[PDB]
Amino acid sequence: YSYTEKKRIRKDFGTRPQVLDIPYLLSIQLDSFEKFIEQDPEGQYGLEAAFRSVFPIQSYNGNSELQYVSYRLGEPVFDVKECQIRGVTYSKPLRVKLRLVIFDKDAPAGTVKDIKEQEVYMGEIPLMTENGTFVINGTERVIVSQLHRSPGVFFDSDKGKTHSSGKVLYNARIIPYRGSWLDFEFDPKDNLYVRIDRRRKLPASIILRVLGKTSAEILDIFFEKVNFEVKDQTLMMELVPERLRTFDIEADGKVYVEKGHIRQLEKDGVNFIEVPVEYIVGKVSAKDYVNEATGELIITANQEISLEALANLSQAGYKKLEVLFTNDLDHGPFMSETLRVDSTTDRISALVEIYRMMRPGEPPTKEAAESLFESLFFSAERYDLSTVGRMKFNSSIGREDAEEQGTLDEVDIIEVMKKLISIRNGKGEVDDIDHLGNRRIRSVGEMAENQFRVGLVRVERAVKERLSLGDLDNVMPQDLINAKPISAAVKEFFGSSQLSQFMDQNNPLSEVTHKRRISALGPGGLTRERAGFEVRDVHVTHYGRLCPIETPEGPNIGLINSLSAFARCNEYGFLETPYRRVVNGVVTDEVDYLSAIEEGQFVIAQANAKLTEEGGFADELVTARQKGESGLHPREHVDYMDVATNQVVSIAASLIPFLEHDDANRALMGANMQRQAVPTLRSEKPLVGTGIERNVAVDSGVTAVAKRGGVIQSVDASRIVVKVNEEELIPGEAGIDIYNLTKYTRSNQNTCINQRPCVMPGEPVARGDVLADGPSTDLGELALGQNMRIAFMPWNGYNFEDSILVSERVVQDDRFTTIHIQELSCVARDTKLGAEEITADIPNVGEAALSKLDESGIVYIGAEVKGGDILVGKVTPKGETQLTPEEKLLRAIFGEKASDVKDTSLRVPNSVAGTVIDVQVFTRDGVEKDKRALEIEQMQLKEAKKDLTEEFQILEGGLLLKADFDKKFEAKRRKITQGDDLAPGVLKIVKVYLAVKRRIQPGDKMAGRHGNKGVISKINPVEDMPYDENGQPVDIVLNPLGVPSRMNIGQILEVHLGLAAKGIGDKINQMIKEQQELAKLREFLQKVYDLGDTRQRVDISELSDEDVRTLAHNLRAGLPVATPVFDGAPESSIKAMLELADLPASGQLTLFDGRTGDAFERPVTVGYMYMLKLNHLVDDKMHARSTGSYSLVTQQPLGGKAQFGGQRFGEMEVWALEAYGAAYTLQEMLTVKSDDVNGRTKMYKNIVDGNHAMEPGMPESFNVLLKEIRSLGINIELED
Amino acid sequence: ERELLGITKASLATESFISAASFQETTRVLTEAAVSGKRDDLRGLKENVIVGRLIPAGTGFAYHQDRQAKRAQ
Amino acid sequence: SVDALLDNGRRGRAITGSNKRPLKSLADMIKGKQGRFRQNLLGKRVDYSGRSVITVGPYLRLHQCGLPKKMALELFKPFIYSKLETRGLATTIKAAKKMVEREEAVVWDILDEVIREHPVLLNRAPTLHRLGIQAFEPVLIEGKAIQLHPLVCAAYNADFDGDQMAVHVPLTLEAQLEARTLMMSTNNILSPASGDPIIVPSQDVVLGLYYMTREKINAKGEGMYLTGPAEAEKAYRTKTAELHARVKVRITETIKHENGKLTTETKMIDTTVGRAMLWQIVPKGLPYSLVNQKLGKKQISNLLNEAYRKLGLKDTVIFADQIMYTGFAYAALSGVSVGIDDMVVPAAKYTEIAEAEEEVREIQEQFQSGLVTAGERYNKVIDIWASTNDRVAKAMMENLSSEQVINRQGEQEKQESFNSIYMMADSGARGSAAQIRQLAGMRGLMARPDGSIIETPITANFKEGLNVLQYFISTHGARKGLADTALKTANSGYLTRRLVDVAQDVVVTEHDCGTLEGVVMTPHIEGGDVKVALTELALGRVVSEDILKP
Amino acid sequence: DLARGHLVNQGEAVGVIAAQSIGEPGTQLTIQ
Amino acid sequence: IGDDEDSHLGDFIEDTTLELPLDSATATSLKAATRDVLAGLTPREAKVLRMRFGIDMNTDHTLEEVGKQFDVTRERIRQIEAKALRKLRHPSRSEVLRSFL
RNA sequence: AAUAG
Ligand SMILES: [Mg+2]
C-alpha cells in the first residue's frame, strides 16, 4: 500500500483478482499529439508526412524547385498560465529548413546550378498541455475524437425496398481519404452502372473502355468460355465435368440421361460431347471472327449466334467457336447486357462521354478528357486511398500487393466489379456498415495533420506560380513562403471546428469523460437530423470498445459515445480491447489486444466464469460469446477471457456502485449527471464506492502528484517543498521539488479550482503519492458529492414526483455550499468624440457608491459588493443632446447643467453579492499607466522577487550562480512590465473577479449516481424531520415511489451499505473516544477488513502504531467500502456488515414524526446516500422582465437572460390561446407586448395612470413583411 | 364530384393566401396569388393573428360579427 | 445578379460571401421555419414575462400558484409605480423607480395589494394542448422557484426533476377576465379530448387513500361500535383503534337523485376506521359505497367523476383539494418505504429455470438427431422460455399478494399483503405487474437491434443483479427505446402542426343549420365482443332522427 | 363541449381543439 | 454566435435609438407639472415664458419678437422674464419641479 | 455545437 492509500484503506468487496490495471485514461489524446509533433525518421506520421507529401515543389518550366530538409519547433513566448492570463494561444513556432535549388538552362536538365538553404517561419502550432488540453485564446479546449467511415470499398444493398418488387439491388462504393467517390450499382434490369462523385449513371463497361479494354477482353475477364469444335463432321463440346452435375448425351459407351447421377458416369472420364445446333442458337459469341477473303466481320463479340451465322462460319472454314458461360443461378449475363446498352466503342468515345457527364455544356477535347480521367483516380495530387483505406480495400478484394499504393488501378476496379457480380450471383455477403471494423477513430493528430497539409497546398500553389516566373537571382526561400494561409488553417481547426469544444470543467470526471469522448458528427461525419436508427444502436462489436450506457439523452442519442475502460486504438485507428489467453485449458495472465475483426473468430469467456486453483474453468460448459452471439460452449473450445469486470463500461459508469441492479435507462442518467456535479467547500469521500475513484483523481491532473519520492521539507497552503531521496537524484541536482498550488482559480463553468495540501512536514512520500487534493478530491479519491442520511418515505407531499425534502442542518453545516468565481470586464475604448476614461469622477453618483473605489476608480481587493455597486468607474464622452422646452425651463429655474460625459460603468449584476478577489489591468502600449496598474505591477515584481529568492534559497540549501538567475529574473521583469497587445481601438481593460458563496435553496437540482434526480422543495426545520429512537434526525427524505417503476435498485443497496459503513465508523469513533487499548482497535479493524470472502488481504499486523492511529482517525466518519461493478457485494455481505455495526439486518428503522412525536406505522429504510449538487441552480435560471431592449429590425424584445430579454410566445402557445378563446390576451401578446411601438408606450403610460386599456395597432413585423414582398416586385397592399 | 385531399394539400389549397404562405411552400403560394391577383378577406384565425387583430373566435367572435353587419349596411 | 438578389440558389450555384456561405436573399427573408412568417409573425417574444424552475406546493389551492417576490416585483413594476404615485408615497415616477430599486417595505405592501386579485398565466413547453397554459392566483413566496399545485401537473406533463415554467402577466381588464373565466385552473378540470377529469390524484395521494382504506384482520379495536366519522377519528387519535380496524359506524348519507330529490338516511354500516375518517371530507349527496372499499387510482377517479356529475364544479374543486391534503397526510403517516426485503423472489423460480434448461437440452438433442429443423428448434425454445417466464411471474405474484394472519378466534386467515411494492403497484400509484416481474422475477427474453429474439433469456432480476452479457443485451433494447422516443417527438410535432393548419378555420358560427342529414351510429363490434358501447359513442351528440322504441 | 359539459358555445374554435386533441397523444403512439 | 449554428448575430443587436417608456412617462409628467406651475403665475409672465422657451409652441422666440407681442422692449421683456424666473425659484412653488432633477 | 426539460 502507498502512503496515501495507507492513510485510508477502502474495504474491497470484490472477489476476482485483476491481472491488468486500468491504463492511463488520457492516452488517446497524448499519443495522437505525440504522433503529430514528434519527428518521424521514417516519415509516416505528422508534420514530416505532410512536408514529404507536399515537397518538393517543382516549377512548371523546370527552372528551379524548393526542397524540404527538416523542421523544428521553437520556444514558446508564454507559458500556459501566462497564456490564460493574457488571452493568447499556447503554441510553438514552426521553423522549416528549405533549399531553393536553381537549375541551369544551358546545361542538361537536372544540373544543380545553385542552392540556397534557409530557415522559414511556417506558422505557429498550438501545443497540448500535460493533461490533454489546448489553450486557444486563453480558453482551455478539448478536441474530440471522431468515429467515421473507414476508407476503402463497401458492398451494400437496398434490402429490396426501392423497386416495386423485391429485387434486392446491390451496390459497391469506393471511398478514399481524399478524392472522388466511385459507385457501381445494379439496376432492376441486371445491368451494371457507374457513378463518379454521385452524378448521372453511366454503363459500367465505359470505365473499362477508358482503361484500354476491348469488348472481347471484357468478356474474357468477366465470363468463362464454353468451347465447340467440328470433329469428324460432328459437333464438339469440350466437357467441363463440374458444369453438367434437355437433350440426348453422347459417349455411347457411357450414355447419360437423354432429355430427362452425373458423378458416377463422369467417373470414367471422356472429353467428347455431341450436341444439337439448337444448343448453339441461343448462345452469345465470345470473339470477333473475321474473314481475310471477304474482309468483313462474320460474327461480332457479344452477338447471339444464329443459324445463318453458323452456315457463314462453316463456309469460312472456321471449325472452333467459343461462347460465354451463362446460367440463372451461379453465373449471369450482367456484363453482356451492360455491353449491349453501352453506346461507346473506343477509348476516345468513352473519355468524351465521361467528360460530358463530368462537365456538361463544355466542348469536349481529347486532351481535356484525358487530363480529367487521369486526375480523377490515378493522380496522387487529387486522389489518396490512405494506408488504412488501402489495407481495407485489399482485404475486401483479396489483393496481396500494392500495399503502399494510394491510387486505384485496373486490377482494383476489375476486382471490385467481380466481387459485386459475385455477390449478385450468391457467393459473398454485404458489409455491416455499423461494424466497428468498418468504422475508424480519427483523433487530434490526424485532423491537425490534414489541416496543416491543406495550408501547405495553399502556399504550394503560390510558390509554383512565383518559381514559374524565372527571375530567382535574388530570391531566397523565405521570400517564397507566406505563413498566413497555414496559420489560418491551423487556427480555423483549433478554434472554429465543431470538434474543438469548450472544455467541460465542473469536476475531474467531467474533464476525463470529455477527453475520452467520440463523436460521429463533425467534418466528414453524420448530421443529427439525417442520422438514422441503425447508426444510433448498440452494435455487438461495441463490447469492450464503446460504452453501451454513457450516451447523451436527446437528439444526440447514439451519435456520441464514451471510450470503454480498457479500449485502445490500434495503429490504423480501429478500436481494440484486451483479452486473457487460455492456453492448455488454463487462463494465462498474458493479454492480447483484439480488434473487432479478430474478435469474431474466437470463443471468449466472461470474467464471471468460475475458476479452479490450477487456472482452468470449473464448469464443463461455460458462458461465452462467438461471432457476436452469446451461448454455452465447451470448456476446451474457449480461446480467450475478459480481463476485467468493468471492461464493457466507461469510467463514469464504472463509478456507479451496484450498477448491475440498475436499469440501463437510469444508469445512463447517473453516468451523465455525475459529470455535472459542482465541488463543495469540503470534499467528502463516498462511503460506498467502486474503486475507480483514485484512478480518476490521479489521471485527471487536478491533484499534485509527487514526481520523485523523499521527505516533505515544507508544507504551506500554497507551496509544497519535497527533499528528494538520495537514490533518485540526477547527478548535480539541487535535490528539491517545488509544487505551487492553484488557489481559487475560475473554471470554464465559473466554478472554483482550489488545491489543498494533504501532507505534513517531515512526512515521507513516494513517487505517485498525492501531495495536494484538487477540486472534488479527498486524499486522492474522487469526491463528487456528500454522504447524506436518507429516509425513503413520503412526507406531506413535499417529495411529490421527484421533489426532495432537505433538513435545515444541511444548510447550517454548509454541506452543499459552493464557490463560484465570475469574471467581469470594463473596456475603455477610443471613440470619435474622445477617449473613454476610467476614473472615480462619476456624474450624478454620490460618495456612498465611491467608498469601495480607489483614486484610479477601481474597486479594492477584498471589497464586499452587492448588486448595482460600481466596480470600475468609466465615463464616455457624449454629443450635443437636444433639450425639450420643459427641460430648458427647468434648467432656467435651477441652473445646474453638467452633462459633458455619460456614466457607462461596470456594475455588479443584479442579485449577485460577493467579494472581489482579483483585479487585473491591461494597458495598451503607449498609454499612461494609472496608479492602480502601477501598484499591481509593483506587487507582481515584489512577488516574483520573493518567489525567486525563496526557491533559490531552498535549492541552494539542498545543493549545499548569478548570471543565470539574473537572466531568469530579467525575463520575468520583461514579461511583467511590457505592454499588452489588445484589440484595435481598445485603450484599457480592467478585469474583476468575484467570489460568490451559493448555498442550497429550493429549486436546486440534486442527484445520486443511479439516475435519481430531483429538485429541492422545502428546507425543513430540524425539529420537524423524522428521527430515530436515539433522537437523530434524517438529513434528506426521498420518495419511495420513484424506485419501483424506474428499476434502479442499486440505490437501496447503497443505502443499506452506507448505513452499515457509518455504523462501523461510529463504532471506531466510540473505541477512540473511550481510549481503549490499541490491541482492541487492531482486532476490530482486522475483523472489519476480514468480512466476506474477498480478494483483499489487509493485515493490520504490518501497520505501525502511528499508522493504525491514522487509519482509525480517517475511519471516524464512516468506513469507505468498494463494490465493483458486476463484482459487487452480495446481500449476505451487506447483512453481515449491518450485524457487525449493531444495526437491523433489514436496513429499516423505526422513525418518529418530529411534529407530533408519533411513530410511523411501518419501519422506514434509513441509510446513507452519496448525493450531488448539479450545476442547474435556480439562481442562474430565475428571469423576469417587464420592459427592456428591443430588436433593431423586428422591434421585438431580445432573447436571453444576458440581454434581459423576454420569453417567446410560440405558435403552440397561440394555438392554446385560440383553443381557449382568449382573443384579448392573444392580441395583447401580439401587439402591445412585442412590436406595436406606439401601442406598447401607450400601454405603459396607461398602466402607470391605472387605466388598464390598450389601443392595438399594426405589428412592425407585418410592415417588414409587406416591404420585403414589395421588394420582390409584388404589389401587396391593404384595402379599406 | 367531391374530392378528398390530404391535410397538407387541403391546407395549401385554402382560399386565403396568407395562411397558405404561413404554412409552407411560400414561393409557390405567393407566385400563384400574384399572377391570379388574389384578395384575402381575413376570415380565419392565422390571418388575424398575423395582422394583429382579434381572432374571429371566442371573445373576439362577436366583434367580427358586428363588422360583418356594418359591411352589410 | 437580380436572380441572386431575389432567390439565391434557384437558378444555379448560390452566390457566397467572404464567409464561404450562401448569401441570404429576400425569399429567404420571407420563407421557411426561420422566416418572417413563423419566427416573428405567428410567434413572438413578449414583455411582462418570466421563467423559473418549478417546485411543489402541497399547501396551495387549485387556483393558486406560488410566485417569487423578486420575480413579481420585476413583472408588476408599472403597477407598483402607479400605486406608489396614487397613494402619495412617490411624488414622480423617478422617485417610484428609486423606491422600487431600494426595496422598501412599503413597496412590498404595494406589491401585495397589486397582486391581490391579478391572475397570472403559467406555461410549460411543449404546449401540446390548451391545458399547457393555465391561469392562477399568485401567492408571493420567499425564494426563486415557482410553486405549482400537484393536481395540475398531469395537465402540464410536469414533474419536479428540473422542469422550468414561463409566466405571463395579463395587462388589460379583458385579458384579466379571460384569465379568470376561461383559463383559470378551476374551470379546466375536464379533458377537452375525451371529457374525462384531468385533475385526478396520483402517486402519494392515491397511496395514502389506498393505505387508509385498506382492511386488516384482527386489528386493534375490531368490532367496536362508533357513533360516526368524528368518533372514528377520536379512536384513531387516542390509539384505541387502528386505521384498518373493522368496525360498525353510524353513517348519515344524503343522496341527490336525478330529479333533485335529497333523501337522507342514517344507518349502521360495517366499515373501517379509515373509511369513516375519509367520509368526513366527502361532500353531501354521494353514497357511502364510493368510500367503503379500498381506494386505488380508479376508485378516486370515480369519486371525483361522481362529485362532478352530481354536485357541480365548486364542490368538486373543494373535494379534490381535501382529497389531496388527506392523501398526503396519511401517506406521510403510513411510513411506506422500499427495502431489499420487499422484493420477495419465489422459491419456484429456480426450479422452473432448471426444468426449462433441461427441456431445452432435450430439444437440442432432438435437433442433433434431425427430428426437427433449426427454425422449429428456435420457435419451441422461445415458447419454452415464454411459458417459464409466465409461470415465474404467476408464482411471484401469488407469493407477494397474500399473507397469513391470526384472527380473533385464533385460526389462520388469508389477508391481502401490506408489502410496500405490492401496495404501490396495486393502488396504481406507481408500478405495474411487468416492473415487479423485472424486480423480483425474470427479465425475460430480449430483442436484438434488428428485432429478433435471443434464445437464452435474462434469468436474473434486478434484486439479484445481472452479469455483463445480460446487461449488454438489456442495453440493446434501452438504446432503441430512447432513439425511438427522440425521433417520434419530431414526427408527432410535424403531424400536429399540419392538423392545426388544416383545421384552424373551423369555428362554431351558428346554433342550428337546419339540416336533416346525419350519421348512423351503432356499437363497435370487431368479433364476439363489443369494443365500445353505443352509450360512449352517443354521449354528447344531438339526435338527428327520432329514436323510436324497437 | 367536452371540456365544459354543456352544448358548445358560438365562437368556439373547435378545429384547433380537434387538432390538439389528436396530436397530443402522438408521443405515446408507436366460427363458434 | 459562439458554437451555435441556428443563431445569428443580427438577433442580438439592440435599437439604441428607442426611448425608454419611463422617460416618456417622465416627459409627460414634466409637461403636466410645468403647466400647473405656469397656471400659478400672471398670464403675461406665463405667456412671455412660454414664448421664450417654446412651451406648447412650434418654435422658440428671442426677446425681440416677444416684445413684438404688446410692447417692443428688449430691456422690459428681459426684466419680466427675470421676475418670472425669480418667482418660480421660490421654494413655495418649486418643490414639484425639483423632483425632476 | 453542447446542455436541461
Ligand atoms: Mg421532468
# chains A, B, ... in the order shown; residues from 1 in each chain; ligands from 1
call {"tool": "interface_residues", "arguments": {"of": "chain A", "to": "chain B", "cutoff": "7 Å", "atoms": "only C-alpha atoms", "output": "CSV table (one decimal) with N, CA and C atoms, in the first residue's frame"}}
result
chain,number,residue,atom,x,y,z
A,1221,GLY,N,-60.1,30.6,-26.5
A,1221,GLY,CA,-60.9,31.7,-26.9
A,1221,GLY,C,-60.5,33.0,-26.3
A,1222,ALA,N,-59.3,33.1,-25.8
A,1222,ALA,CA,-58.8,34.4,-25.2
A,1222,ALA,C,-58.2,35.2,-26.3
A,1223,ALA,N,-59.2,35.9,-27.0
A,1223,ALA,CA,-58.8,36.8,-28.1
A,1223,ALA,C,-58.0,38.0,-27.6
A,1224,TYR,N,-58.4,38.6,-26.5
A,1224,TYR,CA,-57.8,39.8,-26.0
A,1224,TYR,C,-56.4,39.6,-25.4
A,1227,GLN,N,-54.2,39.2,-28.4
A,1227,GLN,CA,-53.9,40.5,-29.0
A,1227,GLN,C,-52.9,41.3,-28.2
A,1230,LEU,N,-49.6,39.7,-29.1
A,1230,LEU,CA,-49.1,40.0,-30.4
A,1230,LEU,C,-48.7,41.5,-30.5
A,1231,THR,N,-49.5,42.4,-30.1
A,1231,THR,CA,-49.3,43.8,-30.4
A,1231,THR,C,-48.6,44.6,-29.3
A,1258,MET,N,-50.7,48.1,-35.7
A,1258,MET,CA,-50.1,47.1,-36.6
A,1258,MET,C,-48.8,46.7,-36.1
A,1259,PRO,N,-48.5,45.4,-36.0
A,1259,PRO,CA,-47.1,45.0,-35.6
A,1259,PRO,C,-46.1,45.4,-36.7
A,1262,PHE,N,-45.2,42.8,-39.5
A,1262,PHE,CA,-46.0,42.8,-40.7
A,1262,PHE,C,-45.7,43.9,-41.7
A,1274,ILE,N,-43.7,42.5,-56.1
A,1274,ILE,CA,-45.0,42.0,-56.0
A,1274,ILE,C,-45.8,43.1,-55.2
call {"tool": "residues_near_ligand", "arguments": {"ligand": "ligand 1", "cutoff": "12 Å", "atoms": "only C-alpha atoms (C1' of nucleotides) and all ligand atoms", "output": "list in words"}}
result
residues 801, 802, 803, 1005, 1012, 1013, 1014 and 1015 of chain A; 53, 54, 55, 124, 125, 126, 153, 154, 156, 157, 158, 159, 160, 161, 162, 163, 164 and 165 of chain C; 4 and 5 of chain F
call {"tool": "residues_around", "arguments": {"residues": "residue 1 of chain F", "least_positions_apart": "6", "cutoff": "8 Å", "atoms": "only C-alpha atoms (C1' of nucleotides)", "output": "PyMOL selection string"}}
result
(chain A and resi 498) or (chain E and resi 3-5)
call {"tool": "closest_atom_pairs", "arguments": {"of": "chain D", "to": "chain B", "cutoff": "7 Å", "atoms": "only C-alpha atoms", "output": "Markdown table"}}
result
| residue | atom | partner | partner_atom | distance |
| --- | --- | --- | --- | --- |
| D:11 | CA | B:57 | CA | 4.5 |
| D:12 | CA | B:58 | CA | 5.5 |
| D:13 | CA | B:57 | CA | 5.9 |
call {"tool": "write_last_selection", "arguments": {"atoms": "N, CA and C atoms", "output": "tab-separated table (two decimals), in the first residue's frame"}}
result
chain	number	residue	atom	x	y	z
D	11	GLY	N	-68.66	30.64	-31.38
D	11	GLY	CA	-67.34	31.22	-31.34
D	11	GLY	C	-66.26	30.31	-30.82
D	12	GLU	N	-66.58	29.05	-30.52
D	12	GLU	CA	-65.58	28.12	-30.02
D	12	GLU	C	-64.77	27.57	-31.19
D	13	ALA	N	-63.45	27.73	-31.12
D	13	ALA	CA	-62.55	27.26	-32.16
D	13	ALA	C	-62.37	25.76	-31.99
call {"tool": "select_by_dssp", "arguments": {"residues": "segment 227-390 of chain C", "states": "strand (DSSP E or B)", "output": "number ranges by chain"}}
result
C: 246-256, 262-272, 285
call {"tool": "write_last_selection", "arguments": {"atoms": "C-alpha atoms", "output": "PDB file, in the first residue's frame"}}
result
ATOM      1  CA  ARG C 246     -63.203  -3.461  11.042  1.00  0.00           C
ATOM      2  CA  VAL C 247     -65.897  -1.588  12.973  1.00  0.00           C
ATOM      3  CA  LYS C 248     -69.563  -0.621  12.695  1.00  0.00           C
ATOM      4  CA  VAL C 249     -70.169   3.098  12.196  1.00  0.00           C
ATOM      5  CA  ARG C 250     -73.387   5.099  12.180  1.00  0.00           C
ATOM      6  CA  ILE C 251     -73.383   6.860   8.805  1.00  0.00           C
ATOM      7  CA  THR C 252     -75.739   9.639   7.724  1.00  0.00           C
ATOM      8  CA  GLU C 253     -75.888   9.562   3.927  1.00  0.00           C
ATOM      9  CA  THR C 254     -77.623  12.094   1.688  1.00  0.00           C
ATOM     10  CA  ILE C 255     -78.492  11.071  -1.873  1.00  0.00           C
ATOM     11  CA  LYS C 256     -79.260  13.631  -4.583  1.00  0.00           C
ATOM     12  CA  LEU C 262     -82.483  14.859  -1.485  1.00  0.00           C
ATOM     13  CA  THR C 263     -83.012  11.740   0.638  1.00  0.00           C
ATOM     14  CA  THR C 264     -81.201  11.448   3.979  1.00  0.00           C
ATOM     15  CA  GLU C 265     -80.826   8.039   5.630  1.00  0.00           C
ATOM     16  CA  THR C 266     -78.956   7.194   8.826  1.00  0.00           C
ATOM     17  CA  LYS C 267     -77.877   3.593   9.309  1.00  0.00           C
ATOM     18  CA  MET C 268     -75.147   1.455  10.834  1.00  0.00           C
ATOM     19  CA  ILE C 269     -72.627   0.222   8.253  1.00  0.00           C
ATOM     20  CA  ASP C 270     -69.770  -2.263   8.518  1.00  0.00           C
ATOM     21  CA  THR C 271     -66.617  -0.393   7.526  1.00  0.00           C
ATOM     22  CA  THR C 272     -63.143   0.543   8.767  1.00  0.00           C
ATOM     23  CA  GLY C 285     -75.043  13.983  -1.966  1.00  0.00           C
TER      24      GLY C 285
END
call {"tool": "atom_distance", "arguments": {"atom1": "atom CA of residue 636 of chain A", "atom2": "atom CA of residue 359 of chain C"}}
result
24.4 Å
call {"tool": "closest_atom_pairs", "arguments": {"of": "chain B", "to": "chain C", "cutoff": "6 Å", "atoms": "only C-alpha atoms", "output": "tab-separated table"}}
result
residue	atom	partner	partner_atom	distance
B:7	CA	C:502	CA	5.7
B:11	CA	C:502	CA	4.8
B:22	CA	C:37	CA	5.4
B:26	CA	C:31	CA	5.9
B:44	CA	C:505	CA	4.9
B:50	CA	C:41	CA	5.4
call {"tool": "write_last_selection", "arguments": {"atoms": "C-alpha atoms", "output": "CSV table (one decimal), in the first residue's frame"}}
result
chain,number,residue,atom,x,y,z
B,7,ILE,CA,-54.3,17.7,-44.7
B,11,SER,CA,-54.0,23.4,-46.2
B,22,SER,CA,-47.5,31.0,-43.5
B,26,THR,CA,-44.3,30.2,-49.6
B,44,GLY,CA,-59.6,32.7,-40.3
B,50,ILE,CA,-50.6,37.9,-38.3
call {"tool": "interface_residues", "arguments": {"of": "chain A", "to": "chain D", "cutoff": "12 Å", "atoms": "only C-alpha atoms", "output": "list in words"}}
result
residues 1211, 1212, 1213, 1214, 1215, 1216, 1217, 1218, 1219, 1220, 1221, 1222 and 1223 of chain A
call {"tool": "atom_distance", "arguments": {"atom1": "atom CA of residue 783 of chain A", "atom2": "atom CA of residue 686 of chain A"}}
result
6.4 Å
call {"tool": "residues_around", "arguments": {"residues": "segment 33-43 of chain E", "least_positions_apart": "5", "cutoff": "7 Å", "atoms": "only C-alpha atoms (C1' of nucleotides)", "output": "VMD selection string"}}
result
(chain A and resid 886) or (chain E and resid 96 to 97)
call {"tool": "select_by_dssp", "arguments": {"residues": "chain B", "states": "alpha helix (DSSP H)", "output": "PyMOL selection string"}}
result
chain B and resi 7-12+17-23+26-36+45-50+61-72
call {"tool": "residues_around", "arguments": {"residues": "residue 1158 of chain A", "least_positions_apart": "5", "cutoff": "12 Å", "atoms": "only C-alpha atoms (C1' of nucleotides)", "output": "MDAnalysis selection string"}}
result
(chainID A and resid 1024 1026:1029 1150:1153) or (chainID C and resid 237:239 332:335)
call {"tool": "write_last_selection", "arguments": {"atoms": "N, CA, C and O atoms", "output": "CSV table (one decimal), in the first residue's frame"}}
result
chain,number,residue,atom,x,y,z
A,1024,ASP,N,-38.8,19.2,12.9
A,1024,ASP,CA,-39.9,18.7,12.1
A,1024,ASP,C,-39.5,17.5,11.2
A,1024,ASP,O,-40.3,16.9,10.5
A,1026,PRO,N,-38.2,13.5,10.5
A,1026,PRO,CA,-38.2,12.2,11.1
A,1026,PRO,C,-37.0,11.9,11.8
A,1026,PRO,O,-35.9,12.3,11.4
A,1027,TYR,N,-37.1,11.3,13.0
A,1027,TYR,CA,-35.9,10.9,13.8
A,1027,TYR,C,-36.1,9.5,14.4
A,1027,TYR,O,-37.2,9.0,14.4
A,1028,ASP,N,-35.0,9.0,14.8
A,1028,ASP,CA,-34.9,7.6,15.3
A,1028,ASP,C,-35.1,7.6,16.8
A,1028,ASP,O,-35.3,8.6,17.4
A,1029,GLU,N,-34.9,6.4,17.4
A,1029,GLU,CA,-35.1,6.2,18.8
A,1029,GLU,C,-34.0,6.9,19.6
A,1029,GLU,O,-34.2,7.3,20.8
A,1150,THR,N,-37.2,2.3,13.0
A,1150,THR,CA,-38.5,2.9,13.5
A,1150,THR,C,-38.3,4.4,13.6
A,1150,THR,O,-37.5,4.9,14.5
A,1151,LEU,N,-39.0,5.2,12.8
A,1151,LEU,CA,-38.9,6.6,12.8
A,1151,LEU,C,-40.1,7.2,13.5
A,1151,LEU,O,-41.2,6.7,13.5
A,1152,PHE,N,-39.9,8.4,14.0
A,1152,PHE,CA,-41.0,9.2,14.7
A,1152,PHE,C,-41.2,10.5,14.1
A,1152,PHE,O,-40.2,11.1,13.6
A,1153,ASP,N,-42.4,11.0,14.1
A,1153,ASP,CA,-42.8,12.2,13.4
A,1153,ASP,C,-42.4,13.4,14.4
A,1153,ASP,O,-42.9,13.5,15.5
C,237,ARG,N,-57.0,8.8,17.0
C,237,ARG,CA,-56.0,9.7,17.6
C,237,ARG,C,-55.7,9.3,19.0
C,237,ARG,O,-54.6,9.7,19.6
C,238,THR,N,-56.5,8.5,19.7
C,238,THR,CA,-56.3,8.0,21.0
C,238,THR,C,-55.6,6.7,21.1
C,238,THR,O,-55.5,6.1,22.2
C,239,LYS,N,-55.2,6.1,19.9
C,239,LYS,CA,-54.6,4.8,19.8
C,239,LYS,C,-55.6,3.7,20.3
C,239,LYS,O,-55.1,2.6,20.7
C,332,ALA,N,-47.8,10.2,4.4
C,332,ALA,CA,-46.7,10.5,5.4
C,332,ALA,C,-46.8,9.7,6.6
C,332,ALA,O,-45.8,9.1,7.1
C,333,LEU,N,-48.0,9.6,7.2
C,333,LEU,CA,-48.2,8.8,8.4
C,333,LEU,C,-48.0,7.3,8.2
C,333,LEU,O,-47.8,6.6,9.2
C,334,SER,N,-48.2,6.8,7.0
C,334,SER,CA,-48.1,5.4,6.8
C,334,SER,C,-46.7,4.9,7.0
C,334,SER,O,-46.5,3.8,7.6
C,335,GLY,N,-45.7,5.6,6.6
C,335,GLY,CA,-44.3,5.1,6.7
C,335,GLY,C,-43.9,4.2,5.6
C,335,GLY,O,-43.0,3.4,5.8
call {"tool": "interface_residues", "arguments": {"of": "chain E", "to": "chain C", "cutoff": "10 Å", "atoms": "only C-alpha atoms", "output": "MDAnalysis selection string"}}
result
chainID E and resid 6 22:23 25:26 29:30 95:97 99:101
call {"tool": "residues_around", "arguments": {"residues": "residue 304 of chain C", "least_positions_apart": "5", "cutoff": "9 Å", "atoms": "only C-alpha atoms (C1' of nucleotides)", "output": "CSV table (one decimal) with N, CA, C and O atoms, in the first residue's frame"}}
result
chain,number,residue,atom,x,y,z
C,197,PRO,N,-62.1,13.6,-16.3
C,197,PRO,CA,-61.4,14.5,-15.4
C,197,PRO,C,-59.9,14.4,-15.6
C,197,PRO,O,-59.3,13.4,-15.8
C,199,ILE,N,-57.7,16.3,-13.3
C,199,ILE,CA,-57.1,16.6,-12.1
C,199,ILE,C,-57.1,15.4,-11.1
C,199,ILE,O,-57.1,15.6,-9.9
C,200,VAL,N,-57.2,14.2,-11.7
C,200,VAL,CA,-57.3,13.0,-10.9
C,200,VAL,C,-56.0,12.9,-10.0
C,200,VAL,O,-54.9,13.1,-10.6
C,299,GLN,N,-60.7,4.2,-8.2
C,299,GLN,CA,-61.8,4.5,-7.3
C,299,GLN,C,-61.8,6.0,-7.0
C,299,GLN,O,-62.9,6.6,-6.9
C,309,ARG,N,-70.4,15.0,-11.6
C,309,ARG,CA,-71.7,14.8,-12.3
C,309,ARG,C,-72.9,15.0,-11.5
C,309,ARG,O,-74.0,15.4,-12.0
C,316,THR,N,-66.6,19.9,-6.5
C,316,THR,CA,-65.6,19.1,-7.0
C,316,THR,C,-64.2,19.7,-6.7
C,316,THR,O,-63.3,18.9,-6.3
C,319,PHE,N,-63.5,19.3,-3.0
C,319,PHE,CA,-63.3,17.8,-2.7
C,319,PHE,C,-62.0,17.4,-3.2
C,319,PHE,O,-61.3,16.6,-2.5
C,320,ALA,N,-61.5,17.9,-4.3
C,320,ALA,CA,-60.2,17.5,-4.8
C,320,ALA,C,-59.1,18.0,-3.9
C,320,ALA,O,-58.2,17.3,-3.6
